[PDB]
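Here the structure comes first, spelled out in structure tokens, and everything after it is commentary.
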Amino acid sequence: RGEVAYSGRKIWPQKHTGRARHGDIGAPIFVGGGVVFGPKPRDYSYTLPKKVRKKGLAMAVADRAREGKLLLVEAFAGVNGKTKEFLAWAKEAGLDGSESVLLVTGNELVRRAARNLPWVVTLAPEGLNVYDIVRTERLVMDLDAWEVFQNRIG
Amino acid sequence: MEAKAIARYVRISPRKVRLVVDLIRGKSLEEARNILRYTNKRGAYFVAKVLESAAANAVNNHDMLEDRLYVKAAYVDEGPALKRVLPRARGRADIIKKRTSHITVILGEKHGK
Amino acid sequence: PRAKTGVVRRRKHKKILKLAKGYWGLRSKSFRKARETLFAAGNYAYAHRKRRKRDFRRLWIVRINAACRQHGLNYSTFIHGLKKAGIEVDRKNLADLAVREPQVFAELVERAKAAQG
Amino acid sequence: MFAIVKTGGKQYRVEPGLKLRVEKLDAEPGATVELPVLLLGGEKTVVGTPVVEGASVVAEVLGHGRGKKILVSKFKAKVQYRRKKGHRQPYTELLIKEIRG
Amino acid sequence: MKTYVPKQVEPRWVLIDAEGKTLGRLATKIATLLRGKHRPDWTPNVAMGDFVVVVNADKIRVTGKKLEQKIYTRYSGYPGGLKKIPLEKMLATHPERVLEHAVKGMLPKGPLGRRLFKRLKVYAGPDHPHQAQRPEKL
Amino acid sequence: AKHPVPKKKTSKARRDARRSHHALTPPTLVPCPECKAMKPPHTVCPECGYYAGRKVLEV
RNA sequence: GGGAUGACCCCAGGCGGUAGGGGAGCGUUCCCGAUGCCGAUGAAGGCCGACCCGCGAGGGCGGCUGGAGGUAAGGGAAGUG
RNA sequence: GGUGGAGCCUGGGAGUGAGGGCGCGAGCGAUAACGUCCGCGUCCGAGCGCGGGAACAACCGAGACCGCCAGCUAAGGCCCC
RNA sequence: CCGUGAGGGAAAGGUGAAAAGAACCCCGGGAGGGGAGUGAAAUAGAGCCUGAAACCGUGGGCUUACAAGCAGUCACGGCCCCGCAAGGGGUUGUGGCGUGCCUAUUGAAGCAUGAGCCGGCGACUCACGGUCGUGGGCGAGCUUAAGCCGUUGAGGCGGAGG
Ligand SMILES: [Mg+2]
Ligand SMILES: [Mg+2]
Ligand SMILES: [Mg+2]
Ligand SMILES: [Mg+2]
Ligand SMILES: [Mg+2]
Ligand SMILES: [Mg+2]
Ligand SMILES: [Mg+2]
Ligand SMILES: [Mg+2]
Ligand SMILES: [Mg+2]
Ligand SMILES: [Mg+2]
Ligand SMILES: [Mg+2]
Ligand SMILES: [Mg+2]
Ligand SMILES: [Mg+2]
Ligand SMILES: [Mg+2]
Ligand SMILES: [Mg+2]
Ligand SMILES: [Mg+2]
Ligand SMILES: [Mg+2]
Ligand SMILES: [Mg+2]
Ligand SMILES: [Mg+2]
Ligand SMILES: [Mg+2]
Ligand SMILES: [Mg+2]
Ligand SMILES: [Mg+2]
Ligand SMILES: [Mg+2]
Ligand SMILES: [Mg+2]
Ligand SMILES: [Mg+2]
Ligand SMILES: [Mg+2]
Ligand SMILES: [Mg+2]
Ligand SMILES: [Mg+2]
Ligand SMILES: [Mg+2]
Ligand SMILES: [Mg+2]
Ligand SMILES: [Mg+2]
Ligand SMILES: [Mg+2]
Ligand SMILES: [Mg+2]
Ligand SMILES: [Mg+2]
Ligand SMILES: [Mg+2]
Ligand SMILES: [Mg+2]
Ligand SMILES: [Mg+2]
Ligand SMILES: [Mg+2]
Ligand SMILES: [Mg+2]
Ligand SMILES: [Mg+2]
Ligand SMILES: [Mg+2]
Ligand SMILES: [Mg+2]
Ligand SMILES: [Mg+2]
Ligand SMILES: [Mg+2]
Ligand SMILES: [Mg+2]
Ligand SMILES: [Mg+2]
Ligand SMILES: [Mg+2]
Ligand SMILES: [Mg+2]
Ligand SMILES: [Mg+2]
Ligand SMILES: [Mg+2]
Ligand SMILES: [Mg+2]
Ligand SMILES: [Mg+2]
Ligand SMILES: [Mg+2]
Ligand SMILES: [Mg+2]
Ligand SMILES: [Mg+2]
Ligand SMILES: [Mg+2]
Ligand SMILES: [Mg+2]
Ligand SMILES: [Mg+2]
Ligand SMILES: [Mg+2]
Ligand SMILES: [Mg+2]
């Protein structure tokens, strides 16, 4: 009510008018009035225990591994960013879009090639986060990315 | 069959015209013509005007013969009121409503072949 | 996110308005008046869904009496007879016999006055 | 014939081939219940005592149903006290077979 | 549940001689009769009692000093418009009124009750005008 | 805005019940004896002209 | 107490209620779920219903209207009745 | 003796700090007040839910979970209403 | 628009895919309509998407001029309407029973407060601390802040400090 473009002038005298008691057409009341406990800008971010983040990252992977739905790689025949090519190597690897795949690798060329696939979510190894591992069905890391992962688990 | 008319937004209060319209409901065209011809009300004029238009329709548009005709149905609905100021004493401004009516008359035929 | 009233209030209102169909004037056209009329009805029905049981304990008794009175005894006695003749069954409801089986009834009276004579 | 049986706390005037619903009997449609509980007969069997110890009426359970909903509304003025509950009395509909007396 | 409903039945008439009966004691019985609570067909919401012709009204018995002491009141909406008429005067004139008033104040008060009273014919007697049968009772 | 004011809003029934008498009554006419026309009794209408009775136009 | 943990069974008591405390739920807006799924063989909303579910807040299904959106389970926020 | 929505200990959330009628024991009063102030009790408050008392918060009866066109009672009643 | 002035300060968005925005004829002074015609739709016809409620009407069904009431409810009965039936829907003639809602109070139907009715707006939040409780992680320990590097809805590092 203190931020609307209205004047703080008392609208009508306090007594003897036959009307309700009011002040400035800027208080919660009155349509054009101000809003009571409305939203204000605010930061919804909190610091989560790093140990908890670590545990979860692993847990996320482990769990994916238990279903045998994990699959790390050494390299990619179809390298040199080009979907057609990735789609190629895809067959070979057992990926056909039946399942959504989280493909994490430090090779920008590969990254570029997958990416546009509706079923592919792509990340750089140092971007491995729990949310993504879970939103996808199958997880595909290269060995150089399985390391960064290691250098982060305890 | 039947022949409709309707005069929208006439500008005479409904209550006032519902009064003359009720006079002709059910009468024959010919008989209803004489009634609002000698009915001492401002309304008559309007009603007559729409009544006569429905008659002109029943013949020309759906050929029914100016004889058999009789007001099968007729009612007047309320249209948007015209709000106007009326200066009262002591500063007071009052809102007088100049009502408006949608007069409707529907005709039909009596005997047959 | 803002969560305006939207459609939730019209619905709750027209719900009550339906249970009010049939009520006089505004008690069936305005949510406030209807809402109030219902509170009362809600209560009467409950209150009455009991008097009913008594309203018939009543009826039956007025009849059983009227009927066994043409046989020479009153409701008091009759019931005492029965209750005493162990035939504690009849049940005011079923002593409607007085209307359907005037003989099966009469027999029941004899048995009643007998249990006392 | 015509009899007067006692079932489910109440007591009804049954007869040959008919019946309404009585309280909820823990039997099964695929069954037959006997209301040994019986008084009076068409030819006067007035249970000189509680029951007519020997007679009885036989009824086949058509099945079980759930009564029409009744609504119990409690309201207490100037106290913001309201309560709304819905009610359905379980019933077991019978079919009278014969009165063995 | 069993039905009960008697359904439209022709009403029976009844002739009574009040010769030496004391009203109030007589009146009560004409009432039960008027609403027919003496028959297993009794139904609260319907006029289904007997019709009752009372003859030999007047010459009605009353105990104590009720003559001269029993007063009938009547109020016109006007000021000082309360009239007091002792029993003797009512019998002396309008004698059937004594037995009607008595009975009337013994019937339920709504529309029905008001209608059962139309079912009660009182005469200064003897002899009446109804040859529509007439079982005499005591 | 002054002294006596109505205590309650008169209900729709009560309002309409009062107008039970506002119903209009048909004009009373009769056939003119000189021409085929309806007009009020004891009055000179245009149509005919009254066996001379200072009438409108006619050739 | 049964305990085959069957959260369903018999046994035993209890169940008026203001200020209040406590425990369960219904619905609204929005986010993940969504490059999904419903949708012109008709979205949302509206108007009806004597049917189905629920103790209740409601949730269904059906007819009419409407004419382009809607959004499961499972969770998350809050200008939420 | 007494297994009770008894008690005791620790902690979280209270609300309440205008009470009222009746009985009994005192004061005040004028042994006047639907008065006033304490004491025990009890109801109302929050049981303006039900029966009786003509009607009627607190008098007599009695503590309403829901249903029944069954039964026995309570106070109060049983000539008609 | 208001006020001399400083100054106060509104309301008001939506045809349709496309104007194809209704030639022309008929009643009328016009308005407005009825036909014709456009369109998938004209109760999309122009302050025109959808178009609720209050409110005003026309037609029909039941029902009312000896009755009396917080307007309902329980029970029968009549008439009308559904379905083969059982059963159900609408209305209400008698009978029984019945002191509005909120608020405030010891106590309200109260002749104490508030409300004409309807629709829409309308009130226990957020930040940082604190204290209990609780779901987890790690536990002789736990944890980072600013900031740095990364992403561009990816997270790491950072032990000052508590
Ligand atoms: Mg400004
Ligand atoms: Mg300001
Ligand atoms: Mg100031
Ligand atoms: Mg005022
Ligand atoms: Mg604003
Ligand atoms: Mg003036
Ligand atoms: Mg002036
Ligand atoms: Mg006005
Ligand atoms: Mg009884
Ligand atoms: Mg009894
Ligand atoms: Mg009350
Ligand atoms: Mg209170
Ligand atoms: Mg009306
Ligand atoms: Mg409780
Ligand atoms: Mg929004
Ligand atoms: Mg999405
Ligand atoms: Mg289609
Ligand atoms: Mg939406
Ligand atoms: Mg709010
Ligand atoms: Mg305790
Ligand atoms: Mg504590
Ligand atoms: Mg104090
Ligand atoms: Mg005090
Ligand atoms: Mg004090
Ligand atoms: Mg106390
Ligand atoms: Mg005190
Ligand atoms: Mg006390
Ligand atoms: Mg004293
Ligand atoms: Mg006192
Ligand atoms: Mg005293
Ligand atoms: Mg004090
Ligand atoms: Mg108490
Ligand atoms: Mg009490
Ligand atoms: Mg009271
Ligand atoms: Mg009492
Ligand atoms: Mg009482
Ligand atoms: Mg209890
Ligand atoms: Mg008894
Ligand atoms: Mg006793
Ligand atoms: Mg100026
Ligand atoms: Mg076309
Ligand atoms: Mg449209
Ligand atoms: Mg559109
Ligand atoms: Mg529109
Ligand atoms: Mg409307
Ligand atoms: Mg009508
Ligand atoms: Mg009279
Ligand atoms: Mg009449
Ligand atoms: Mg009634
Ligand atoms: Mg106050
Ligand atoms: Mg209080
Ligand atoms: Mg008043
Ligand atoms: Mg008041
Ligand atoms: Mg005050
Ligand atoms: Mg208030
Ligand atoms: Mg006022
Ligand atoms: Mg409102
Ligand atoms: Mg509103
Ligand atoms: Mg905090
Ligand atoms: Mg905290």
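Note: ideal-geometry Cβ built from the backbone for every residue, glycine included; neighbour counts use all protein chains shown. Please treat every number below as a calculation from the coordinates, not as lab data.
Summary table below
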item	result
q = 0.16, 0.24 Å⁻¹, chain C: log10 I(q)/I(0) [Debye, one scatterer per Cα]	-0.76, -1.23
Karplus-derived HN-Hα couplings along region D:67-82 (A = 6.51, B = -1.76, C = 1.60, θ = phi - 60°), whole Hz, x at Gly and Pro	x, 5, 5, 10, 10, 9, 9, 10, 9, 10, 4, 6, 8, 6, 10, 9
Partner chain coverage, peptide F:23-29 - average Cβ within 10 angstrom	5
Proximal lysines relative to residue E:65, as straight alpha-carbon distance under 21 Å, when same-chain residues fewer than 8 apart are discounted	E:21, E:83, E:84, E:89
Cα-based convex hull, chain F, per residue volume (Å³, whole number)	209
Cα-based radius of gyration of chain A once divided by 2.2 N^0.38 Å, which approximates compact folds	1.90
Ratio of Rg to Rh over the protein assembly as shown (Cα coordinates, Kirkwood Rh, two decimals)	1.17
Efficiency of FRET between residue E:115 and residue E:68 - r from beta-carbon atoms, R0 35 angstrom, step 0.05	0.50
Amide proton proximity set for residue E:47, modelled H, under 5 Å, gap of 5+	none
Ranked A:37, C:78, criterion: other C-beta atoms within 10 Å, fewest first	A:37, C:78
Two-decimal Rg to Rh for chain E - Kirkwood Rh, Cα set	1.03
Karplus-derived 3J(HN,Hα), 6.51/-1.76/1.60, for each residue of region A:129-138, Hz, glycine and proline x	10, 4, 3, 5, 3, 7, 6, 10, 8, 10
Coil-residue GluC sites (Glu not before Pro) of region B:34-109, DSSP, other Cβ within 10 Å capped at 15	B:66
Size-normalised alpha-carbon gyration radius of region B:1-111, reference 2.2 N^0.38 Å	1.28
Helical mean residue ellipticity (222 nm; -39500 (n - 2.57) per DSSP H run of 4+; nearest 500) of the protein assembly as shown	-9500 deg cm²/dmol
Nearby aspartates and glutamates by direct alpha-carbon distance to residue A:54 (threshold 15 angstrom, same-chain neighbours under 8 apart not counted)	A:63, A:126, A:132, A:147
Reach of residue B:27 by Cα under 25 Å, taken over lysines that are not fewer than 8 positions away in the same chain	B:4, B:16, B:41, B:49, B:72, B:110, B:113, F:36, F:39
Per-residue Cβ neighbour rank within 10 angstrom, fewest leading, E:85, E:71, D:4	E:71, E:85, D:4
Alpha-carbon Debye profile of region B:45-94, log10 I(q)/I(0) at 0.14 Å⁻¹	-0.56
Built amide H within the under 5 Å cut-off of residue E:22, gap 5+	E:61
Label-reachable residues, region D:51-71, where backbone N falls under 20 Å from a point 7 Å from residue C:15's Cα toward its Cβ	D:69-71
Candidates D:67, D:86, D:41, ranked by Gaussian network fluctuation over chain D, Cα under 10 Å, top entry	D:86
Residues A:71, E:138, D:71 arranged by fewest to most Cβ contacts within 10 Å	E:138, D:71, A:71
Rh (Kirkwood; distinct C-alpha pairs) - region B:18-73, Å	11.3
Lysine pair number, Cα distance threshold 23 Å (strictly under), chain D, separation 8 or more or different chains	27
Tail weight of P(r) past 14 Å, computed on alpha-carbon pairs of region A:5-64, percent	74
Table column - 3J(HN,Hα) (Hz), region C:86-100, Karplus curve with 6.51, -1.76, 1.60, x for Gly and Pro	x, 6, 4, 9, 4, 6, 2, 4, 6, 6, 7, 3, 3, 9, 9
Chain D, Rg to Rh (Cα coordinates; Rh as Kirkwood inverse mean 1/r)	1.19
For chain D, share of DSSP beta bridges that run antiparallel, in % to the nearest 5	95
